[PDB]
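**Q** Starting off with a structure, shown below.
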Ligand SMILES: *[C@@H]1O[C@H](CO)[C@@H](O[C@@H]2O[C@H](CO)[C@@H](O[C@H]3O[C@H](CO)[C@@H](O)[C@H](O)[C@@H]3O)[C@H](O)[C@H]2NC(C)=O)[C@H](O)[C@H]1NC(C)=O
Ligand SMILES: *[C@@H]1O[C@H](CO)[C@@H](O[C@@H]2O[C@H](CO)[C@@H](O[C@H]3O[C@H](CO)[C@@H](O)[C@H](O)[C@@H]3O)[C@H](O)[C@H]2NC(C)=O)[C@H](O)[C@H]1NC(C)=O
Ligand SMILES: *[C@@H]1O[C@H](CO)[C@@H](O[C@@H]2O[C@H](CO)[C@@H](O)[C@H](O)[C@H]2NC(C)=O)[C@H](O)[C@H]1NC(C)=O
Ligand SMILES: *[C@@H]1O[C@H](CO)[C@@H](O)[C@H](O)[C@H]1NC(C)=O
Ligand SMILES: *[C@@H]1O[C@H](CO)[C@@H](O)[C@H](O)[C@H]1NC(C)=O
Ligand SMILES: *[C@@H]1O[C@H](CO)[C@@H](O)[C@H](O)[C@H]1NC(C)=O
Ligand SMILES: *[C@@H]1O[C@H](CO)[C@@H](O)[C@H](O)[C@H]1NC(C)=O
Ligand SMILES: *[C@@H]1O[C@H](CO)[C@@H](O)[C@H](O)[C@H]1NC(C)=O
Ligand SMILES: *[C@@H]1O[C@H](CO)[C@@H](O)[C@H](O)[C@H]1NC(C)=O
Ligand SMILES: *[C@@H]1O[C@H](CO)[C@@H](O)[C@H](O)[C@H]1NC(C)=O
Ligand SMILES: *[C@@H]1O[C@H](CO)[C@@H](O)[C@H](O)[C@H]1NC(C)=O
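In the entry's author numbering, the protein residues as written are 334 to 640, 650 to 799, 814 to 1254.
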């Protein structure tokens, strides 16, 4: 029935093209104003997760816990121009070798670099900002020393303390070797056992553990460390931009300072937590010219290869109609308020250009092959061609729009934002193609009929060769061979289906030969500990009874399966349960603080005030009596009576490290009638983690210790849990269920494609099943290609897969319709008619995107662009072409109905 409205509409547009072009331009500039209005695009690193996800919400809770995770400005450092040197102690019999950067002079130089960074000045708001302004100092205003995890903090970042040398002027009883080999064994002691009782604490960033500062060593022999680590953590507020961009300005200042540091005895490696965003922005800028020149080639082909009489202005007009559809959909979607990811900016114009050029060429070459008959007015020729061809363009474009508009049902944000734009852009494309471009075609027909230079204003060469191609490869000679080869290759891709990869390799996602590739190679080469993991026991636990404490605490007196104990046992088998070390426990150190034996806690005679551990007043008595009931862990109120005193005491040589030092932010204290210990974390670290697989494993198993511990706890219903949080849990959680999301997405596509292209084709089941079955072949073979060229299954590749099928509809759909409706007496005859009539046009929506999908590789060296976008575009152009224009005519010659 569509042929009546299509025909009288073609005659209407041919009649009065002014109304058509004018109105359609009111539409075009109407929607395209939202492009200039909102224009908002999203680039925050939240692009790889949907809100209200598991890891996303857990990130919220940890963002009330200790707030945001700090930004890490790190330096992996080493000395190439020094050798080992051996320490022979006096006089006890043993020997300890010392690695290359363990030489004292190299340590001195590293301290010079460290002090050079310690006062680095950046200017924000025409003001002054140092590292002291942005670093996180735990203690304030007492001891605002910046947290710096370097080995030199064993000597308090001071040369005069590094050059202690107990011993007469011949023998050495204790030098830096000794203090080092004692601190890396008890790095929270304030008194060395021998050397003038030097402290192993630091300019307090904290008790410096040797995994955060030493690398390349072996097996608890820290004395052979081949590369030191200097970690400046800096506060990283998420809900504030003044302080954030302050820290970022200082970070690029740091990056430039390290890029320009002359020291022939050192080989550095560095990273500020703004390095990856800045280096990705830098990365996707070298190949923009190459994309533009690709589009230049494609537009040129569209201008010349249509049909000094040719269709140049026509091709330019169709190009502008496609771009008007793109900017129209972008305009309306920005109007309503929609972020516009870069993936969309890359995938959308290629798609809308392929579909638009396909419909354009179908219509134009549909008129060119057509011969009028006697009294044919332009209404009754171009309305006839429009009624003859428009059902195919409408079938394809409509199935595509309904399969892309339906792709945005999933939760993955990239494919969401993409598929919306895809749907509306293809629909507006078809509308500006059936309304405006028809009245644009009749006018070039008039121009060519009046004989005025078509640049200044039978069946050509290829219809011949298609007519020669069909019978040779459609005879019963070839007819089985095609099913043989395509079913065989299909089975091959089914074989390498389960053996395909997942994730983004860190070093390849960077412009090779940046300052970041060296960092990744040298953290795989040296470092011994990954990003910290915080084990959050949510608010609501007791913490104030022997039962409640035995559920949580570790070591002596507490249960076998408590939180700390389970984290520690999992730290034993660190190469499986990705968790590296024992957990920094707040309650375990609190119990070793209020000890009546260790004089760390003393309260006044009546005033009940905490007594500074260095005080001297005979009125502070025991916080807990040494009565056998007293010399015990504080159950009940006494707990809350002394916990805030612990979370205030700063390090004292007559006591420990104090609670303010490390656990002041690790323990939330809610003053609600009258004191409680809600929402506390236990911190440890995360082994290696040098590939996407490693990250996924760490996520799985850390959450496994989570649910596992929460099981061993007496949970009243499900109130609170014990979840783990690291920096990366939000980004590598898509891969936790990408396959279920792939299967679904593509699946829904092949459903929509199946529904429309079956009801649109006269409720004919077999035409659909054959067509979208061939498209399923396209996608499975596409996964085989993914295996062969080694591309991954992330959000980008999945988006390009959905779009890949949506573009395969443009190959198989037109042929399927052209065969389904025809009155030839044979299956083979209708196959030749369909393939010759439509295949000659479809192979002009192919050659342009191939000749662009060649220059795409030509000048673009970005590994992500060359491996993902180029090889996939190529894969779906060649794969789709060969599956719609080679196999499908054979499968239809076999099972195509009559
Ligand atoms: C990394 O450091 C390890 C520190 O323990 C070290 O083991 C130690 O190796 C030295 C080698 O000089 C042994 O010193 C030995 O020197 C005399 C020289 O004749 C030998 O006869 C003896 O074996 C003597 O022990 C240390 O004794 C040894 N330390 C211990 C506790 O056994 C590793 O060899 C170092 N490895 C690397 C790759 O650097
Ligand atoms: C998990 O893997 C770790 C490395 O991936 C591994 O450390 C490596 O293994 C041991 C240290 O335990 C050292 O191998 C050493 O074995 C004996 C002592 O048991 C000594 O003769 C030598 O020190 C020998 O080299 C490796 O040097 C060490 N590698 C590095 C880079 O430090 C862990 O031990 C593994 N943990 C478990 C629980 O298996
Ligand atoms: C925080 O660090 C500074 C230096 O970074 C410490 O200053 C040192 O003070 C003691 C004197 O009592 C000596 O080690 C040196 O005179 C200083 N060292 C340097 C490098 O200047 C300061 O004491 C630290 N603050 C606390 C509370 O420990
Ligand atoms: C920064 O401070 C250090 C001492 O902490 C000093 O040696 C250096 O000259 C200072 N640099 C600038 C630019 O102020
Ligand atoms: C900052 O302000 C001062 C005077 O207020 C001016 O002299 C200086 O040029 C400003 N800084 C920059 C970078 O323009
Ligand atoms: C601990 O170190 C200090 C140095 O400040 C020293 O005075 C004190 O005697 C040391 N303690 C012991 C028990 O040696
Ligand atoms: C390290 O380099 C400095 C200057 O670059 C030089 O004075 C010193 O001698 C060097 N030390 C070694 C061990 O090469
Ligand atoms: C803790 O001890 C019990 C015996 O009381 C034992 O059965 C259980 O396996 C232990 N837990 C772990 C994690 O080994
Ligand atoms: C502290 O108070 C008690 C009250 O029983 C008193 O006996 C004691 O003398 C007081 N402390 C001093 C140093 O006087
Ligand atoms: C006790 O400690 C605080 C800070 O730790 C310090 O300011 C105070 O002076 C100390 N007590 C005395 C009596 O000095
Ligand atoms: C959790 O794993 C531990 C092994 O460490 C075991 O004691 C406990 O039974 C597990 N929880 C459940 C619900 O199986």
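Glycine is no exception: its CB is placed at the ideal position from the N, C-alpha and C atoms.
Compute the minimum distance between the beta carbon of residue 393 and the heavy atoms of ligand 11, and state whether it is under 7 Å.
**A** Incorrect: residue 393 has no Cβ contact closer than 7 Å to ligand 11.
**Q** Applying the criterion that 16 or more other CB atoms from any shown protein chain within 10 Å of the CB defines a buried residue, is residue 1093 buried or exposed?
**A** Exposed.
**Q** What first and last residue would you give for the beta strand (DSSP E) that runs through residue 1151?
**A** It is not in any beta strand (DSSP E) - residue 1151 instead sits in the alpha helix (DSSP H) that spans 1151-1176.
**Q** Could you check what DSSP says for residue 1032 in three-state terms: helix, strand or coil?
**A** Residue 1032: strand per DSSP, three-state reduction.
**Q** Drop a sphere of 10 angstroms on the beta-carbon of residue 392, count the other beta-carbons inside from all chains shown, and report buried for 16 or more, exposed for fewer.
**A** Per the 10 Å Cβ criterion, buried.
**Q** What separation, rounded to the nearest whole angstrom, lies between the Cα atoms of residue 1210 and residue 696?
**A** Between residue 1210 and residue 696, the C-alpha separation is close to 15 Å.
**Q** For ligand 3, list every residue whose C-beta falls under 5 Å from any of its heavy atoms, going in chain order.
**A** Here the list is 476, 478, 491, 536.
**Q** How is residue 954 classed by DSSP in three states: helix, strand or coil?
**A** Reduced to three states, the DSSP call for residue 954 is coil.
**Q** The beta strand (DSSP E) with residue 418 in it runs from where to where?
**A** Segment 418-420, the beta strand (DSSP E) holding residue 418.
**Q** Can you find the residues in the same chain that come closer than 7 Å, C-beta to C-beta, to residue 1251, ignoring five residues on each side of it along the sequence?
**A** Excluding residues within five positions, the ones whose Cβ falls inside 7 Å are 1122, 1126.
**Q** Which of helix, strand or coil does DSSP assign to residue 817?
**A** Of the three classes helix, strand and coil, the one that applies to residue 817 here is coil, per DSSP.
**Q** Jot down the residue ranges of each uninterrupted alpha helix (DSSP H) in the region 362-437, minimum 4 residues, whole runs only, in chain order.
**A** As far as the region 362-437 is concerned, its whole alpha helix (DSSP H) runs of at least 4 residues are 366-370, 387-398.
**Q** Taking residue 709 as part of the alpha helix (DSSP H), name the residues at either end of that continuous run.
**A** Residue 709 -> alpha helix (DSSP H) spans 684-710.
**Q** Who are the near neighbours of residue 368 in its chain, counting only those whose CB is closer than 7 Å to its CB and skipping five residues on each side?
**A** Cβ neighbours of residue 368 beyond the five flanking positions: 669, 672, 673, 676.
**Q** Per DSSP, what kind of secondary structure is residue 1225 in: helix, strand or coil?
**A** Note: residue 1225 maps to helix in three-state DSSP.
**Q** Closest by CA to residue 895, which one among 394, 1048, 338?
**A** Closest option to residue 895, Cα to Cα, is 394.
**Q** First and last residue of the alpha helix (DSSP H) that includes residue 1098?
**A** It spans 1094-1115 - the alpha helix (DSSP H) in which residue 1098 sits, taken as one unbroken run.
**Q** As a quick exercise: from 501, 410, 566, 417, pick the residue whose alpha carbon is nearest that of residue 481.
**A** Ranking the options by Cα distance to residue 481, first place goes to 566.
**Q** Collect the residues with a C-beta less than 7 Å away from any heavy atom of ligand 5 and give them in sequence order along the chain.
**A** Taken from the N-terminal end onward, the list reads 456, 459.
**Q** Using the beta carbon as the reference atom, which residues fall closer than 5 Å to any heavy atom of ligand 2, ordered along the chain?
**A** In chain order, the hits are 551, 552, 931.
**Q** To the nearest angstrom, report how far apart residue 385 and residue 758 are at their CA atoms.
**A** Spanning the two alpha carbons is a distance of roughly 15 Å.
**Q** Tell me whether the beta-carbon of residue 827 lies closer than 8 Å to the beta-carbon of residue 1189.
**A** No.
**Q** Got a sec? Which residues, its chain only, sit under 7 Å from residue 846 by beta carbon, not counting five neighbours each side?
**A** Counting only Cβ-Cβ distances below 7 Å, and skipping sequence neighbours, we find 1133, 1136, 1137.
**Q** Any heavy atom of ligand 10 closer than 7 Å to the CB of residue 970?
**A** Yes, the Cβ of residue 970 comes within 7 Å of a heavy atom of ligand 10.
**Q** Does the separation of the CB atoms of residue 484 and residue 534 fall below 8 Å?
**A** Contact: no.
**Q** Given this structure, state the Cα-to-Cα distance separating residue 346 from residue 621, to the nearest angstrom.
**A** Taking the straight line joining both Cα atoms gives about 39 Å.
**Q** Can you have a look at residue 343 and say buried or exposed, based on whether 16 or more other CB atoms are within 10 angstroms of its CB?
**A** Residue 343 comes out buried.
**Q** For the candidate residues 797, 1040, 877, 901, whose alpha-carbon lies nearest to that of residue 924?
**A** It is 1040.
**Q** Suppose contacts are defined by Cβ-Cβ distances below 8 Å. Is residue 756 in contact with residue 390 by that definition?
**A** The answer is no: Cβ separation not under 8 Å.
**Q** State whether the region 720-735 contacts the region 354-371, with contact taken as three or more CB pairs (one from each stretch) at a distance under 8 Å.
**A** Touching, no.
**Q** By the 10 Å Cβ neighbour count, where 16 or more other Cβ atoms means buried, how is residue 786 classified, buried or exposed?
**A** Residue 786 comes out buried.
**Q** Could you check what DSSP says for residue 747 in three-state terms: helix, strand or coil?
**A** Looking at residue 747 - three-state DSSP - the assignment turns out to be coil, as it is neither helix nor strand.
**Q** Should residue 833 go down as buried or exposed, given a rule of 16 or more other Cβ atoms within 10 Å for buried?
**A** Flag for residue 833 reads exposed.
**Q** Among the residues of its own chain, which have a CB less than 6 Å from the CB of residue 912, if the five just before and after it don't count?
**A** Answer for residue 912: no residue qualifies.
**Q** Let me confirm a value: residue 746 is counted as buried when at least 16 other C-beta atoms fall within 10 Å, else exposed. Which label applies?
**A** Classification for residue 746: buried.
**Q** At 4 residues or longer, what runs of the alpha helix (DSSP H) sit wholly inside the region 876-916?
**A** If we require 4 residues or more, the alpha helix (DSSP H) runs fully inside the region 876-916 come out as 902-908.
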